Structures are given as structure tokens and as C-alpha cells.
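Before any questions on how it binds or moves, here is one chain, the form deposited in one PDB entry, in C-alpha cells.
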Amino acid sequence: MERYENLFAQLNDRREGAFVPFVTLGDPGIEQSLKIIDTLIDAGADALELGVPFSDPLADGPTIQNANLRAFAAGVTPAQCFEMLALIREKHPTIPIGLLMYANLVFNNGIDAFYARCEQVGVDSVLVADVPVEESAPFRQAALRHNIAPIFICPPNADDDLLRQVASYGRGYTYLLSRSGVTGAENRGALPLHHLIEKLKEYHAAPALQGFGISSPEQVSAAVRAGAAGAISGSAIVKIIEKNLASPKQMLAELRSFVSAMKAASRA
């Protein structure tokens, strides 16, 4: 499908950026996760980035590590994540859904079989955190064969070779990394580097979404003003889940309020 192209076509018509929340699938449990996701969508999420709990998440700070631990405490497995993904797609036919995977979970019992599985459930993209473009060949090839967009990081330390490769290899959107380090809401990412945005556009790369340490509406509007197509927020949202574990009702209301404010900031 072209769920991403259709989304960006529409956002451009409305002259707005995308807002894309991240959550860990199955955090704090399967049923509540499914409700959290519905709430993210109802509140204005343009697309979703969804993490599959992994044992050793090396790109993630404490917030998302603890999300993974909550999901595991609830018995969540990749098999169950694919079960949720089917229910999500069944309710929401148009929203782009991207997975954020660690490499071992993709490689585990066959790279091709993983992407076939994604296509089958109706996922639109996969970003493999620990697969640089240098190692990406069988991943991006399998992705394209199964109509999944492989998504790549354009880091702030990117050179021209990496710009060209990300532009050539990636589909759906380009993940414009706001800063070094691992995920976290309190370590605020810098503004999008203008030179990377321009080069990505010169090389016909997929539209750039800024991610890492994006935690406030001001950062979202600033990313879009800077030329990005939108922004992704993860840890800031997960913190709301963590804060309200004792009250699922208050969890949902706070998620809704935050996503709404974040999405509003993407609007012209």
C-alpha cells in the first residue's frame, strides 16, 4: 500500500506536519495497550510507531526500558504483538503503522519471514534500530519484496555518502535523529539540522520526521518550521503510561490531552 504517501499527500494539502506517537506494544498489558493506541489515534495521531518488547534494548533509555519490562511482566511476546497489530489494522484501515524493531527479533527465524509477516498483518514500515545502512542489504531487500517501507536514521553526524544512501534505500519517511544518545524525554533533541533537511530533499529522500527527545508541542511546531515533515514522540508518552499505571482512566485522559496538544502544534 501507500499509506505513508497518502498521509503525506493529505498533510501537505492541509499544510501541516505529521505527529507520530511511539509506544511499546503490550505496555502495560495487551488490553490496555490496545486502548492506549485507540486513544492516540482518536486524539489526532497521524501515524504510529510501535515497539516490540526486546530483552536488551540498547538504543533506549530508562523510560522505554521500563516499558519493555512492563510488557514482559504481562507475558507479551512478538507473536502476541502481531496479534495486536491485526486488531489495530482491523479497526483503523488507513493509518500508517511502523514497527521499531531490534535486529535479533527480525533476523531470528528468517528475515524474509518477518517481513512477510508484517505485510500479512498490514504493517507499513519497519525501522531496525541496530542495523546501519552498512548492514541493511537483506533487510531492505526483504522489506521491499513484501511492500514494507524500510526506514533509516539520518543522524546529525551524517556525511554526504550517508545522505545519498539513506535517500536511496529508505521509504515512507526518513527518521531525522535529533541528537546523539539513547531515547529519553528529558534529554531534549536539538532543532532539525537545516543542511540535512535540504540535502535529503535534494536527493529525493522520503519526508523527514524528527525523533528523540521530542516532548513538547513547541518542539513539534519548531521541527515543522525548520522544514521537517513532522515529529515523533516516544518517552514523553510512555512516561504518562508509567505515571498513571494505577488509574487506566486517568492514563487515557492524559494521553489524549498530550497527543492532542502535540498534534495541534503540527498545524499551520
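One rule holds for the numbers: they count along the sequence shown, beginning at 1. Residues that one form lacks are left out of the comparison. In this text, the rigid core denotes the largest set of C-alpha atoms whose superposition between the two forms falls within 1.5 Å.
Beyond the structure shown, there is the form deposited in another entry, which is absent from this document and is the topic of what follows.
Asker: Core-aligned, between this form and the one not shown, one residue among 118, 100, 106, 71 moves its CA by 2 Å or more. Tell me which.
Answerer: The residue that shifts is 106.
Asker: Using the rigid core as the reference frame, would you say residue 226 shifts its C-alpha by 2 Å or more between this form and the one not shown?
Answerer: The answer is no; the displacement is under 2 Å.
Asker: Please say whether, between this form and the one not shown, the C-alpha of residue 202 moves by 2 Å or more once the core is aligned.
Answerer: No, residue 202 moves less than 2 Å.
Asker: Is residue 59 among the residues whose Cα moves by 2 Å or more between this form and the one not shown after superposition of the rigid core?
Answerer: The answer is yes, as the C-alpha of residue 59 shifts between this form and the one not shown by 2 Å or more after core alignment.
Asker: Residues present in both forms, rigid core superposed: which consecutive runs of three or more show CA displacements of 2 Å or more between this form and the one not shown?
Answerer: Once the cores are aligned, runs 55 to 60, 106 to 108, 189 to 192 are those whose C-alphas move by at least 2 Å.
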